[PDB]
6 protein chains.
Amino acid sequence: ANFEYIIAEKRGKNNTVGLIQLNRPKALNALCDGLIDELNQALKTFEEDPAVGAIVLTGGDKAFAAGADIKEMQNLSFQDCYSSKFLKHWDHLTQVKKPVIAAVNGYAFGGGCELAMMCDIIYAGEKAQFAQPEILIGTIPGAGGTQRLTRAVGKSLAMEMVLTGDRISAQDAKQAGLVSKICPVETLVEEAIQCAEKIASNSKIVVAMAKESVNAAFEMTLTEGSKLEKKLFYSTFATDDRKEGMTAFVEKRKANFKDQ
Amino acid sequence: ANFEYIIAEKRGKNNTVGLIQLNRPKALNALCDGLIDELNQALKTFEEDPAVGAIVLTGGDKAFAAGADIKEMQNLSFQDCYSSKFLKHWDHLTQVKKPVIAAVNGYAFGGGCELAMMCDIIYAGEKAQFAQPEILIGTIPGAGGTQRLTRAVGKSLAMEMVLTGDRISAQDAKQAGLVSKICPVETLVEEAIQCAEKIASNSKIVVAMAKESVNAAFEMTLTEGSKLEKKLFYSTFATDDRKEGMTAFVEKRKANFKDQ
Amino acid sequence: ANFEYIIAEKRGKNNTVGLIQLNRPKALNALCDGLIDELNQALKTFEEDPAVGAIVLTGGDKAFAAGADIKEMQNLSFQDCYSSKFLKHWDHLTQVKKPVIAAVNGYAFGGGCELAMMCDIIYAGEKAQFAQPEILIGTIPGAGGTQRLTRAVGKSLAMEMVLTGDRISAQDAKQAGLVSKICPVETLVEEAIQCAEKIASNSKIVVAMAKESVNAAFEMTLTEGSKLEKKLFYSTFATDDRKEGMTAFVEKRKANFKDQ
Amino acid sequence: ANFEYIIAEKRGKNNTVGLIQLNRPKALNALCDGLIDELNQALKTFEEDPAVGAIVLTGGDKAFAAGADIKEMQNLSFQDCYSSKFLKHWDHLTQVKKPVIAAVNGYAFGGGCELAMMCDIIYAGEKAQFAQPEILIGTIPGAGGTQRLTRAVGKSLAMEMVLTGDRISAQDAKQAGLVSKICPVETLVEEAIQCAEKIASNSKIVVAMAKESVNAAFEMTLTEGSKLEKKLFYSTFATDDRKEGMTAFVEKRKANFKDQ
Amino acid sequence: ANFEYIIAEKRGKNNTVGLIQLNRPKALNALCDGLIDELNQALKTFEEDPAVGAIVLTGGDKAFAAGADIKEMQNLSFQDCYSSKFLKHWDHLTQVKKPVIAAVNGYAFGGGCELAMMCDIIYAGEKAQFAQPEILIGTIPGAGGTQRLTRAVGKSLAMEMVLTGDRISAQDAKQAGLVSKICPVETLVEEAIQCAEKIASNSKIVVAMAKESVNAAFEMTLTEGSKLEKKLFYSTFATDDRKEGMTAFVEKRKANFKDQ
Amino acid sequence: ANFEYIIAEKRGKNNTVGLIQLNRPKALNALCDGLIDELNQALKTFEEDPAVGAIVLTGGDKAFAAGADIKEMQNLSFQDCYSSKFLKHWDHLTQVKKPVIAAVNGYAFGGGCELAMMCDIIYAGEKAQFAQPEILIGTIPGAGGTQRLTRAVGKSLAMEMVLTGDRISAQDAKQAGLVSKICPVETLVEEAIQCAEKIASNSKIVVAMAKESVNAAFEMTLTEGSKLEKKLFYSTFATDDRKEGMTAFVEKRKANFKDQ
Ligand SMILES: [Mg+2]
Ligand SMILES: [Mg+2]
């Protein structure tokens, strides 16, 4: 559909990467309800696209997402927040089966840091900054800003970032484990698109199985996690993609996958 | 009160930071029963102080805490450990609701490293060292020296430090995620006090809710953790400090919080 | 017994370290059925050796283990993999009670990285590389390559390595926490042997208790983990090595341990 | 919309109970795609109805639901099932916030038993029968027929019912804990409607909080469950309904609740 | 310390059973703060008594405990509950190491059922009734009335009792598993005292270990539960009472235990 | 091999049921090392038999298994027990993939009750009794007598049985959920054999998947349990038995399963 807050298009060769770019530069990509609706529409459109195998989520060069709109949430009481479940459409990225690579350039504060952490892979620029300033306005992060952050960077750094609201550099996020790669500002999007192309070049079903196996590490114990990983490695044998890849490996050539 | 092992006072402007400094320099701040009792009393006093919003725990410049007294625990038998629940008052720091910042200077060995890891934020000096030498005397760390350490720095480094008892530098704890900031020895205490002042400047109830949400990341799954975070974010709306902070954000000014 | 794929011997002074060296240099130490059988035989032999306290697992100078044989697993189906529990002998290293130090030199790809992550301590060379290329042949890592990796290095880096199959340097693994020490290619084995000698010098039963307490951090919550740690610290008092070590600490001398 | 497989209406005095009755008597209420879509639509309509406080789900007098259609799932392969998440709309009843009372009359086999167990309260007739015959056609229950059943009736009875497919009487389900009340066949619907009216008479928000607290018992440990229960009990104090109820208890009268 | 709400005495031969009888017959044993304080004092006194090995908690013949005083909690806000942690002294019974047998006669409503479920063994009379009427006053049970209840009687019956507030007979509680034995009203206390005497006649430390092993079933998985059970069965060997009991079993006689 | 403590044979028509009968009537089937070794040998022999689909474990008419040999473990210490892992060969029944039906007749005390609870289905005679008398000799059940028992029969009854050692009748175990069916002592074995034949007639791989899905209910949460159940129900589509059974159901006939 015609979006007014975001820009959705297919990038890279073979058109296998879906680029969802936030286009709110005057508000520093403020996460409003309309922007979230357009983002979810683009996400489901890219998920229902057979040619797309990976999604790249990015905002602006100076700001990825500076948090939710506060004026629409100031006059909310406890009843209207508990009932009606206020930030519920804020977790549709966690239900996406295809990998979503976050290209964080500039400010990723409040809701932006949570939306980035909800993605599988986070690519941060040279001047990218992460913070959780919810404590400054009398609230707490309520979209994964504490659960995923503490699991990623540890208790101490997450406790400091949550209780103080201070910002951390991209280098600190890489050393702590929040992001997996640091790229220049003018080439972050291109490297994220190349990584998404490398991801989508494989079998989509096996990639989804691997993503589920990785995500299960935060929901189950080590023994049950290993058992589920063994069951998934057994189940991946029932696909033609596994046999095709093993044939291309034994008889050295390029593997032609058909997502089945 | 008349303390013989620790020094308790309120530091910083407006006296919002409680400083609990171990005062056993000739014994390398050995964690004895009287010192633990005085630490618990000071923690309770600072918890029951409305003007205190954060606590800073520190020791000496050359040693933070070099472990418990071995003489008072050699004659102890298996039955006398289980019954009297040996080392039962060593986890009172985990029951505090206000944030406690550990300013570790010098040696933090055995019980000292566990007491530091039990704090929310760990500030270490340039010459600070962390180790678990329990394996050297025929015992294992029994106050969180294995659970929290493995969750913070990983399996490999924790296994090495536990089975070998070797010391790690402050830079190692920083790159591994054990500590959150490296500060000079002459200014570590003041930087910890400034961080505790920045923490106490916010709403104490919202800060405690955020601390609980962060601590829940080690006790529940990611889904249930996110559900509890959502419930806490919804409950935050029932406080006057939330509305005050959101109004101060809307009309740009300084938010005056009343801890309610 | 006489091995054809591996080399098993006791190294170090006092013969306290068991060295299991993979001896398949022309196949990059491919994890085959015979190699796994010989590895399990050497592991149980060293476990049934009262003079051995720690095991060092290493491969070649240019490759630790470059994955399993794809030829013996290409013609496998879903039923044959499930009704035979494929790769069920691949986790015998996780049942070892004595510490196992992984001296990873060169390539550790696929099954190699999984076998290395199952060890307690991972020692990597300067030119050591870790990767999970299973996604390139149409399968997923099914021997702990996702559960342990995501817990160690984090969500983002593990997701990238799994979905892309790209390699990471030893420095990246050290920064992310996958390995614990970087050593030269010419001395990595000697450093691992010295670490295993320092480990075996302590009480083997107390060392096993500490290893169990550390491993329990990935199978239980923080509260139950601390409770089990307290119970193990209480049970360690019923050993003769505990009082001997405490007496040697009180009256400064060398503690003579008898593994009881 | 106009339903062809189910009947949706508001029953009972004050029209606070939504009755969703399956209307496929010739197919023993086979769970097809259209019937599931209509059930989800009726559930959403009753959820978005302020005048409805509870839902009652029932079928026919001789059969509640005899499982899904096997014809629409025989020609399905593994890839079509996985890459489309077969039976994904079958768990929309677990996302409902208002209590759903299952009035099971007659046969509740496989999918019917799963849909009944997914409800909060199960009301069964004297001639009601429960079974999981999936093992007879070469499959396993895949909509909670093993997880919830084993947690409700125990390990032994669930194992027997799953591996044998034998039916159990309503008295057996009552003594095992599967159902909570046995009612005559001619009055089961009326008793379920009266129970839902007793439920709908209370505060909807407090009822939803209690439902969440009860459902959390199967998602985490007892300690975290009690902590979440304490937090929800504290959050209840921010509603006007709790104050109104406590005031009506003090000054003995009927409490007028407004769902806020 | 003379009590005004409860009666504390030692009953049974050898004076090994501590009887804590609620003595509020006009208020149906309303759980007030003073009664809770006296109960905690009696509990800690009986725990610190070497002659007492088991505790029996009971109220009146017509009422065990009819819930907390609503007048004390009527004028309480959300901030006053959270901060201050309302009902925080209500879980001191869960920290008792010695077994506590609940002799429930008459009404056990609201806080009474929660206090009874926190006991290890629950003994109910012929006319004993259990209910959770918190939903009738606009609140939810906040002292374990949902977590333990759902784990004991199942999902359906607990959901019904919570959302409706209806009472269940002692027979239904025995069938669902809430209680373990039904006794006449005039002899319930005597049978509970006899059971507590049978319990206290064994080794107190082994009894505490068994209680911990049983309570761990709700805090860990089956694998980790069995592991902790194995570790505790190994740890019980280091006590003299284990060897004494085994000697009395081999050489048939009466075992003389010394709680060590 | 020729057994001296047990009797192993194939019973029932088509020889699809393996009967492992304990043959120690003069010692009340005491669980000794040789008996456990022969039991494990018969179990692995029946597991490696393609014609056997289910195993029936029974003892004598007056005693199923009266616990382990006491004189075999009187002179054992804490170190000898921890380091040798006492009772480790006792959980080989939990690793069996095919269902094991426990035909418990007579006394099932101590280790016998644990071995019975480790089975999937428990069939008890009219005069069968279950108890955990470990507390009477100064020890605790260390082979699943507390974890599985508390999960099956509840907290109160398991606590009573563990702390008192009293016996429960077969009817009590049936109403509590410990056993699934009560049968006469003269026909219990035949009924268990008929049940195993009904189990063995189905697809062995699908039966193993169902057993795994049921056993996973005690190792994971409800959400992850349902996810693993969905994944197993998707994987079962890749078997030939699923399509054969579905075709036999569509066109009504007898399904011919080939265990593939
Ligand atoms: Mg890290
Ligand atoms: Mg039951």
# chains A, B, ... in the order shown; residues from 1 in each chain; ligands from 1
call {"tool": "residues_around", "arguments": {"residues": "residue 81 of chain F", "least_positions_apart": "6", "cutoff": "10 Å", "atoms": "only C-alpha atoms", "output": "count of residues only"}}
result
9
call {"tool": "residues_near_ligand", "arguments": {"ligand": "ligand 1", "cutoff": "9 Å", "atoms": "only C-alpha atoms and all ligand atoms", "output": "NGL selection string"}}
result
(:A and (152-154 or 174-178)) or (:B and (152-154 or 175-178)) or (:C and (152-154 or 175-178))
call {"tool": "residues_around", "arguments": {"residues": "residue 66 of chain C", "least_positions_apart": "3", "cutoff": "9 Å", "atoms": "only C-alpha atoms", "output": "compact mmCIF listing (two decimals) with N, CA, C and O atoms, in the first residue's frame"}}
result
# COMPACT_ATOMS: atom_id res chain seq x y z
N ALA C 27 42.49 -34.86 6.21
CA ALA C 27 41.05 -34.69 6.10
C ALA C 27 40.55 -33.55 6.98
O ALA C 27 39.34 -33.43 7.21
N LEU C 28 41.46 -32.71 7.47
CA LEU C 28 41.12 -31.58 8.34
C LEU C 28 40.37 -32.04 9.58
O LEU C 28 39.48 -31.36 10.10
N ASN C 29 40.74 -33.23 10.07
CA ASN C 29 40.14 -33.83 11.26
C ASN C 29 38.62 -33.95 11.12
O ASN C 29 37.85 -33.43 11.93
N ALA C 30 38.19 -34.64 10.07
CA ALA C 30 36.77 -34.86 9.84
C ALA C 30 36.19 -35.77 10.92
O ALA C 30 36.74 -36.83 11.21
N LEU C 31 35.08 -35.34 11.52
CA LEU C 31 34.45 -36.08 12.60
C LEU C 31 33.67 -37.25 12.00
O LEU C 31 32.51 -37.11 11.61
N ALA C 63 44.01 -27.13 11.60
CA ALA C 63 42.59 -27.45 11.69
C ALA C 63 42.33 -28.26 12.95
O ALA C 63 42.98 -29.28 13.18
N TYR C 107 41.12 -24.43 11.92
CA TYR C 107 39.70 -24.43 11.58
C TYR C 107 38.91 -25.26 12.60
O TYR C 107 39.26 -26.41 12.87
N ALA C 108 37.85 -24.66 13.14
CA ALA C 108 36.87 -25.36 13.98
C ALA C 108 35.50 -25.05 13.39
O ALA C 108 34.82 -24.11 13.82
N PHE C 109 35.10 -25.84 12.40
CA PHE C 109 33.89 -25.58 11.62
C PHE C 109 32.89 -26.71 11.81
O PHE C 109 33.28 -27.88 11.87
N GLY C 110 31.62 -26.35 11.91
CA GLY C 110 30.56 -27.34 12.03
C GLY C 110 30.61 -28.13 13.32
O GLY C 110 30.39 -27.59 14.41
N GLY C 111 30.90 -29.43 13.20
CA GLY C 111 31.00 -30.27 14.38
C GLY C 111 32.17 -29.91 15.28
O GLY C 111 32.14 -30.19 16.48
N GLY C 112 33.21 -29.30 14.71
CA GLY C 112 34.36 -28.92 15.52
C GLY C 112 34.03 -27.84 16.53
O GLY C 112 34.40 -27.94 17.70
N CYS C 113 33.32 -26.80 16.09
CA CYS C 113 32.92 -25.75 17.01
C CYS C 113 31.94 -26.28 18.06
O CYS C 113 31.96 -25.84 19.22
call {"tool": "interface_residues", "arguments": {"of": "chain B", "to": "chain E", "cutoff": "9 Å", "atoms": "only C-alpha atoms", "output": "ChimeraX atom specification"}}
result
/B:78-80,82-83,205,235,238-239,260
call {"tool": "residues_around", "arguments": {"residues": "segment 245-254 of chain F", "least_positions_apart": "2", "cutoff": "12 Å", "atoms": "only C-alpha atoms", "output": "PyMOL selection string"}}
result
(chain D and resi 69-76+133-140) or (chain F and resi 201-203+206+236-237+239-243+256-260)
call {"tool": "residues_around", "arguments": {"residues": "residue 3 of chain C", "least_positions_apart": "4", "cutoff": "12 Å", "atoms": "only C-alpha atoms", "output": "PyMOL selection string"}}
result
chain C and resi 7-9+20-24+34-42
call {"tool": "write_last_selection", "arguments": {"atoms": "N, CA and C atoms", "output": "mmCIF file, in the first residue's frame"}}
result
data_model
loop_
_atom_site.group_PDB
_atom_site.id
_atom_site.type_symbol
_atom_site.label_atom_id
_atom_site.label_comp_id
_atom_site.auth_asym_id
_atom_site.auth_seq_id
_atom_site.Cartn_x
_atom_site.Cartn_y
_atom_site.Cartn_z
ATOM 1 N N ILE C 7 45.269 -39.631 18.776
ATOM 2 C CA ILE C 7 46.442 -39.978 19.567
ATOM 3 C C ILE C 7 46.148 -39.637 21.021
ATOM 4 N N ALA C 8 46.245 -40.635 21.895
ATOM 5 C CA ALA C 8 45.947 -40.477 23.311
ATOM 6 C C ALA C 8 47.196 -40.768 24.129
ATOM 7 N N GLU C 9 47.558 -39.831 25.003
ATOM 8 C CA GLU C 9 48.721 -39.988 25.864
ATOM 9 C C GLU C 9 48.582 -39.049 27.055
ATOM 10 N N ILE C 20 44.219 -35.785 24.230
ATOM 11 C CA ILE C 20 43.528 -36.476 23.147
ATOM 12 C C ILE C 20 43.687 -35.608 21.903
ATOM 13 N N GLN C 21 44.625 -35.981 21.038
ATOM 14 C CA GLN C 21 44.946 -35.210 19.845
ATOM 15 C C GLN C 21 44.380 -35.913 18.617
ATOM 16 N N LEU C 22 43.535 -35.207 17.869
ATOM 17 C CA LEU C 22 43.031 -35.727 16.603
ATOM 18 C C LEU C 22 44.180 -35.820 15.605
ATOM 19 N N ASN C 23 44.250 -36.933 14.875
ATOM 20 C CA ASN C 23 45.385 -37.229 14.002
ATOM 21 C C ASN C 23 44.895 -37.499 12.578
ATOM 22 N N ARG C 24 44.022 -36.624 12.086
ATOM 23 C CA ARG C 24 43.551 -36.659 10.700
ATOM 24 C C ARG C 24 43.913 -35.342 10.026
ATOM 25 N N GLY C 34 34.357 -43.595 13.314
ATOM 26 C CA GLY C 34 35.515 -44.188 13.965
ATOM 27 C C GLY C 34 36.260 -43.201 14.843
ATOM 28 N N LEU C 35 36.399 -41.958 14.378
ATOM 29 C CA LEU C 35 37.058 -40.936 15.183
ATOM 30 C C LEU C 35 36.277 -40.662 16.461
ATOM 31 N N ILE C 36 34.948 -40.583 16.358
ATOM 32 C CA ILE C 36 34.121 -40.356 17.541
ATOM 33 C C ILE C 36 34.210 -41.537 18.497
ATOM 34 N N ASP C 37 34.236 -42.761 17.964
ATOM 35 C CA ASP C 37 34.370 -43.937 18.820
ATOM 36 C C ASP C 37 35.704 -43.933 19.559
ATOM 37 N N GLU C 38 36.796 -43.633 18.850
ATOM 38 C CA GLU C 38 38.104 -43.579 19.497
ATOM 39 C C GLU C 38 38.170 -42.447 20.516
ATOM 40 N N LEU C 39 37.526 -41.317 20.219
ATOM 41 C CA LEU C 39 37.499 -40.203 21.161
ATOM 42 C C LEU C 39 36.759 -40.587 22.435
ATOM 43 N N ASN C 40 35.611 -41.254 22.295
ATOM 44 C CA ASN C 40 34.871 -41.703 23.470
ATOM 45 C C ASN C 40 35.651 -42.747 24.260
ATOM 46 N N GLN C 41 36.358 -43.646 23.567
ATOM 47 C CA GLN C 41 37.181 -44.631 24.261
ATOM 48 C C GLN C 41 38.290 -43.960 25.061
ATOM 49 N N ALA C 42 39.007 -43.017 24.445
ATOM 50 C CA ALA C 42 40.047 -42.292 25.166
ATOM 51 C C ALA C 42 39.469 -41.486 26.322
#
call {"tool": "residues_around", "arguments": {"residues": "segment 191-197 of chain E", "least_positions_apart": "5", "cutoff": "8 Å", "atoms": "only C-alpha atoms", "output": "NGL selection string"}}
result
(:E and (11-12 or 16-17 or 53-56 or 101-103 or 123 or 183)) or (:F and (164))
call {"tool": "closest_residue", "arguments": {"among": "E:94, E:150, E:129, E:2", "to": "ligand 2", "atoms": "only C-alpha atoms and all ligand atoms"}}
result
E:150
call {"tool": "closest_residue", "arguments": {"among": "D:126, D:229, D:224, D:61", "to": "residue 141 of chain E", "atoms": "only C-alpha atoms"}}
result
D:229
call {"tool": "closest_residue", "arguments": {"among": "C:19, C:149, C:1, C:121", "to": "residue 162 of chain C", "atoms": "only C-alpha atoms"}}
result
C:149
call {"tool": "select_by_dssp", "arguments": {"residues": "segment 76-209 of chain F", "states": "helix (DSSP H, G or I)", "output": "MDAnalysis selection string"}}
result
chainID F and resid 78:82 89:95 111:117 133:137 147:153 155:164 170:176 188:200 204:209
call {"tool": "write_last_selection", "arguments": {"atoms": "C-alpha atoms", "output": "PDB file, in the first residue's frame"}}
result
ATOM      1  CA  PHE F  78      29.527 -39.645  51.023  1.00  0.00           C
ATOM      2  CA  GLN F  79      32.633 -39.679  48.819  1.00  0.00           C
ATOM      3  CA  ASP F  80      32.052 -43.277  47.713  1.00  0.00           C
ATOM      4  CA  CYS F  81      28.475 -42.362  46.783  1.00  0.00           C
ATOM      5  CA  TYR F  82      29.183 -39.082  44.901  1.00  0.00           C
ATOM      6  CA  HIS F  89      22.193 -47.695  36.393  1.00  0.00           C
ATOM      7  CA  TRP F  90      18.743 -47.228  37.972  1.00  0.00           C
ATOM      8  CA  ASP F  91      17.436 -44.704  35.406  1.00  0.00           C
ATOM      9  CA  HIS F  92      18.045 -46.758  32.253  1.00  0.00           C
ATOM     10  CA  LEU F  93      14.275 -47.268  32.044  1.00  0.00           C
ATOM     11  CA  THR F  94      13.846 -43.521  31.461  1.00  0.00           C
ATOM     12  CA  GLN F  95      15.988 -43.747  28.299  1.00  0.00           C
ATOM     13  CA  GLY F 111      12.998 -48.359  44.685  1.00  0.00           C
ATOM     14  CA  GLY F 112      10.019 -50.318  43.395  1.00  0.00           C
ATOM     15  CA  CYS F 113       7.682 -47.330  43.515  1.00  0.00           C
ATOM     16  CA  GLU F 114      10.321 -45.219  41.758  1.00  0.00           C
ATOM     17  CA  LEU F 115      10.815 -47.833  39.030  1.00  0.00           C
ATOM     18  CA  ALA F 116       7.036 -48.000  38.598  1.00  0.00           C
ATOM     19  CA  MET F 117       6.676 -44.210  38.380  1.00  0.00           C
ATOM     20  CA  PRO F 133       9.877 -45.875  53.487  1.00  0.00           C
ATOM     21  CA  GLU F 134      13.331 -44.332  52.930  1.00  0.00           C
ATOM     22  CA  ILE F 135      12.642 -41.854  55.753  1.00  0.00           C
ATOM     23  CA  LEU F 136      12.412 -44.800  58.155  1.00  0.00           C
ATOM     24  CA  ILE F 137      16.072 -45.797  57.645  1.00  0.00           C
ATOM     25  CA  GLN F 147       9.980 -35.352  41.902  1.00  0.00           C
ATOM     26  CA  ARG F 148       7.639 -37.645  39.966  1.00  0.00           C
ATOM     27  CA  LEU F 149       5.486 -38.476  43.000  1.00  0.00           C
ATOM     28  CA  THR F 150       4.815 -34.837  43.897  1.00  0.00           C
ATOM     29  CA  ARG F 151       3.995 -34.049  40.264  1.00  0.00           C
ATOM     30  CA  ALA F 152       1.636 -37.027  39.995  1.00  0.00           C
ATOM     31  CA  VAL F 153      -0.307 -37.264  43.272  1.00  0.00           C
ATOM     32  CA  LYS F 155       2.096 -31.863  47.128  1.00  0.00           C
ATOM     33  CA  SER F 156       0.184 -32.947  50.242  1.00  0.00           C
ATOM     34  CA  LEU F 157      -0.047 -36.696  49.615  1.00  0.00           C
ATOM     35  CA  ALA F 158       3.551 -36.946  48.397  1.00  0.00           C
ATOM     36  CA  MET F 159       4.794 -34.949  51.394  1.00  0.00           C
ATOM     37  CA  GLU F 160       2.884 -37.261  53.739  1.00  0.00           C
ATOM     38  CA  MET F 161       4.152 -40.431  52.047  1.00  0.00           C
ATOM     39  CA  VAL F 162       7.749 -39.181  52.058  1.00  0.00           C
ATOM     40  CA  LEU F 163       7.897 -37.790  55.601  1.00  0.00           C
ATOM     41  CA  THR F 164       5.932 -40.684  57.149  1.00  0.00           C
ATOM     42  CA  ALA F 170      -4.241 -48.943  44.843  1.00  0.00           C
ATOM     43  CA  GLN F 171      -7.539 -47.046  44.952  1.00  0.00           C
ATOM     44  CA  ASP F 172      -5.775 -44.074  46.547  1.00  0.00           C
ATOM     45  CA  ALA F 173      -3.086 -44.106  43.851  1.00  0.00           C
ATOM     46  CA  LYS F 174      -5.843 -44.329  41.231  1.00  0.00           C
ATOM     47  CA  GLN F 175      -7.877 -41.386  42.530  1.00  0.00           C
ATOM     48  CA  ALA F 176      -4.661 -39.406  43.066  1.00  0.00           C
ATOM     49  CA  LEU F 188      -3.378 -57.755  35.893  1.00  0.00           C
ATOM     50  CA  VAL F 189      -0.590 -59.245  33.769  1.00  0.00           C
ATOM     51  CA  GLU F 190      -3.001 -60.257  31.001  1.00  0.00           C
ATOM     52  CA  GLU F 191      -4.621 -56.811  30.958  1.00  0.00           C
ATOM     53  CA  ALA F 192      -1.211 -55.123  30.807  1.00  0.00           C
ATOM     54  CA  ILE F 193      -0.221 -57.437  27.946  1.00  0.00           C
ATOM     55  CA  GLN F 194      -3.432 -56.576  26.084  1.00  0.00           C
ATOM     56  CA  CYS F 195      -2.782 -52.860  26.609  1.00  0.00           C
ATOM     57  CA  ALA F 196       0.778 -53.243  25.307  1.00  0.00           C
ATOM     58  CA  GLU F 197      -0.558 -55.157  22.294  1.00  0.00           C
ATOM     59  CA  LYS F 198      -2.960 -52.282  21.625  1.00  0.00           C
ATOM     60  CA  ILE F 199       0.052 -49.956  21.862  1.00  0.00           C
ATOM     61  CA  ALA F 200       2.390 -52.146  19.798  1.00  0.00           C
ATOM     62  CA  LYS F 204       6.400 -47.455  16.521  1.00  0.00           C
ATOM     63  CA  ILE F 205       7.929 -44.164  15.360  1.00  0.00           C
ATOM     64  CA  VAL F 206       4.691 -42.211  15.846  1.00  0.00           C
ATOM     65  CA  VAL F 207       4.277 -43.875  19.248  1.00  0.00           C
ATOM     66  CA  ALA F 208       7.804 -42.790  20.191  1.00  0.00           C
ATOM     67  CA  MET F 209       7.050 -39.239  19.035  1.00  0.00           C
TER      68      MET F 209
END
call {"tool": "residues_around", "arguments": {"residues": "residue 62 of chain E", "least_positions_apart": "6", "cutoff": "9 Å", "atoms": "only C-alpha atoms", "output": "PyMOL selection string"}}
result
chain E and resi 25+28+105-107+127-128
call {"tool": "select_by_dssp", "arguments": {"residues": "segment 44-212 of chain D", "states": "strand (DSSP E)", "output": "ChimeraX atom specification"}}
result
/D:54-58,63-65,100-104,107-109,121-125,129-131,168-169,181-183
call {"tool": "atom_distance", "arguments": {"atom1": "atom CA of residue 119 of chain E", "atom2": "atom CA of residue 99 of chain E"}}
result
7.6 Å
